[PDB]
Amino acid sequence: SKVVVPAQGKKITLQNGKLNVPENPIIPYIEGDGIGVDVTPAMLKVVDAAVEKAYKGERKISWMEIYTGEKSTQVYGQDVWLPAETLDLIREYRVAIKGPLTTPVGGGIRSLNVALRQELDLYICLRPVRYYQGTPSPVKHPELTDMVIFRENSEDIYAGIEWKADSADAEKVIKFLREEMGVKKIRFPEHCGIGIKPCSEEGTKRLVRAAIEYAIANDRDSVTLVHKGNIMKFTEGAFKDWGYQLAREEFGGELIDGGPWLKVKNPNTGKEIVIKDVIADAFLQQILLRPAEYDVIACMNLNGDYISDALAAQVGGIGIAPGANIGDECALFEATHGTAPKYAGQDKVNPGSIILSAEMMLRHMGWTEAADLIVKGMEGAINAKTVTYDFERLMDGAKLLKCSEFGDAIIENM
């Protein structure tokens, strides 16, 4: 209604499980609040340059701006933080990309990022972390990290089912838990907030199936289920058992020695994919001490949030970490950092996260060549030490570039 759909351009189509991408697809993008005003222009420019270079003018993206966050209230009115048509348009055009979003406080509004994922049922949050040679890192061997995270997006504590301490609601569930359920283990029932953590079988098997399928398609070495099941047995422990069960029932997993680890034979390359599990808190140690042991990771919503952030700091990537939210009917690629309002408009932050989520975008569309051109550009600009302030502070011998100029440095290195 306030979005202008491009005169030229065609919708991507879902022809049962498969995308049918035209040569001039329309892609919805949400600019983002804060530094989204700096990073999104940079990404629109390097994606245009890479599809221009790969396909010699034969292909072109017709970018269509849609609204969420603070910019949505300036277009549609002070109270509409998430217009209903953003959800219809992402559904409709199948793939979109977004910058960082501001969720406000004071207004009872929950995370607009979790709202998009739940509302569109984008149950996979895919976070790949690899090291780009030459980025400053706090660890001695960042090059040993190349993992791909499959974090469940629709359930867990992250779903937002919770009640305030002293509310009538919380009082009512606490009464139901103590009286009807007989729980004796709430230490202080008065002035007590209560949160609900759900974990279902369909919820964990649709995520784990995607993780093993990803490992077969890209012949990765292993899928590691990480969970805190020795303490949360019926949610996190259920997730590890349902995960193992799916690798046995649908991928023909077999015990290695006397378990619990399984072997899945990659029907394409013939190699064995170890399916294993590790408790989440020892895993937060293993990624620092033994990162080469791990590769595809499957976990619940909260743990995946912690694992992705911890990994991304290790490979010097807090500002170049890409991410995607994939459901069955559409996909939403995104800058994984926040809006950083201090720097907003100054053209200085790293455009690296949203540029690398755009290469994940291009790859999902089957435009593999344009996507390989962006990572070639990325590795060249970083290797050239022609870098943005966050990388330059930690480097010696680096040239400092603005956000838009690092965009150009990626195109020069293509």
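Residue numbers here begin at 1 and follow the sequence given.
- According to the PDB record, 158-166 carries the higher mean C-alpha B-factor of the two stretches 158-166 and 209-217.
- If you average the C-alpha B-factors over 137-145 and over 171-179, the higher value belongs to 171-179.
- Comparing the C-alpha B-factors of 108, 99, 291, 198 in the entry, the top value falls on 108.
- Residue-level inspection of the entry shows that, of 126, 246, 225, 273, 273 has the top Cα B-factor.
- Remark: residue 241 belongs to the middle third of its chain, ranked by C-alpha B-factor as recorded.
- Sorting the modelled residues of the chain by their CA temperature factor places residue 387 in the highest third.
- Among all modelled residues in this chain, the alpha-carbon of residue 191 has a temperature factor (C-alpha) in the highest third.
- Residue 202: CA B factor in the lowest third of modelled residues in this chain (values from the PDB entry).
- Ranked within its chain, residue 334 lands in the lowest third, by CA B factor from the PDB record.
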